[PDB]
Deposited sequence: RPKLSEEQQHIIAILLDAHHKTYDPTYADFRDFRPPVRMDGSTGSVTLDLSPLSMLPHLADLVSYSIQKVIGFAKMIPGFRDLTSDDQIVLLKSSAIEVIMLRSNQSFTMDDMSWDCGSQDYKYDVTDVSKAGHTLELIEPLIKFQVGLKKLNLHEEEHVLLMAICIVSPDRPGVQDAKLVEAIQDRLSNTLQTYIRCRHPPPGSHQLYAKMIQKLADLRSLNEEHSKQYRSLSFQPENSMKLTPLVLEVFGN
């Protein structure tokens, strides 16, 4: 019988609040980034580097609040964040993504991003096409905020990331979150929306591994010309590579 324990409602309450403390749906800090230019070879690189850098900071803030994450070694915390960052950024961006025009709508036209914006940061359709496909299939799940925050947390605490030490520890933390998610859908997600919802959510994590790979490829090519590398941030260089 599907029962959401005390522990499980606690986990969801913590992850919701963690998300609330690290995602500002008013997008007010965007005015601090180097300004967007849509005139234009890699004209969007400065602005989008800043947006991603900022996003990395919020992801790290969210990760620290994941129940059990604290119990990991600093080294494993680091490995989980470096490998998952771009994935959790893609996940968290779903909240501003819109199927009307397939863009990310962050409050205003200046901060409304589409495929050509992402191109003008130095990316090709090899990445962007499967990116848009992902966003669409994710948006169509119409996840409860509860499922969304659990999905981000499950993504971060992944035992198979290359470089993990205490995989067994990472696996047990993630299981506690998996089980909370499975149980949540059962108890609080009505059919038909609930049908295979967990398997479809995990499929989105598989999709993200592939997006992560392609992003890495194009980032290594982007960041090889030191003139592009110059336009990035110190946090982006540290987290994505140098």
**Item:** Deposited residues absent from the coordinates (by C-alpha)
**Value:** 40 to 50
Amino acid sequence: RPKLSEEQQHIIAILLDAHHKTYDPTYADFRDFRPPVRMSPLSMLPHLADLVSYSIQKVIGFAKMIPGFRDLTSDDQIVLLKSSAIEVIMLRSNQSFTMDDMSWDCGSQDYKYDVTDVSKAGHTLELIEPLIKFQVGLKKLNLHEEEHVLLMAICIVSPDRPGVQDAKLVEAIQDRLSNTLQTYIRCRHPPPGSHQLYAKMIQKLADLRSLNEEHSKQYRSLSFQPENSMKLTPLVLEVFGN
From here on, numbers count along this sequence of modelled residues.
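Basically, rigid core = biggest C-alpha set you can superpose within 1.5 Å across the two forms.
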**Item:** Stretch with larger C-alpha RMS deviation in 9 other deposited structures of this protein, core superposed, 48 to 56 versus 186 to 194
**Value:** 186 to 194
**Prompt:** When the C-alpha temperature factors are averaged for each of 59 to 67 and 174 to 182, which stretch ends up with the higher value in the entry?
**Reply:** 174 to 182
**Asked** For the stretches 121 to 129 and 151 to 159, which has the higher mean C-alpha B-factor as given in the deposited record?
**Response** 121 to 129
**Complete:** Based on the PDB entry, the highest CA temperature factor among the options 89, 138, 81, 164 is that of 164
**Request:** Ordered by C-alpha B-factor within the chain, which third holds residue 19? Give me lowest, middle or highest, please.
**Result:** lowest
**Assigned third (lowest, middle, highest) for the C-alpha B factor of residue 13** = lowest
**Fill in**
Split the chain's modelled residues into thirds by Cα B-factor; residue 216 lands in the middle
**Prompt:** Sorting the chain's CA B-factors, does residue 200 end up in the lowest, middle or highest third?
**Reply:** middle
**Asked** Taking the entry's C-alpha B-factors for this chain, is residue 43 in the lowest, middle or highest third?
**Response** highest
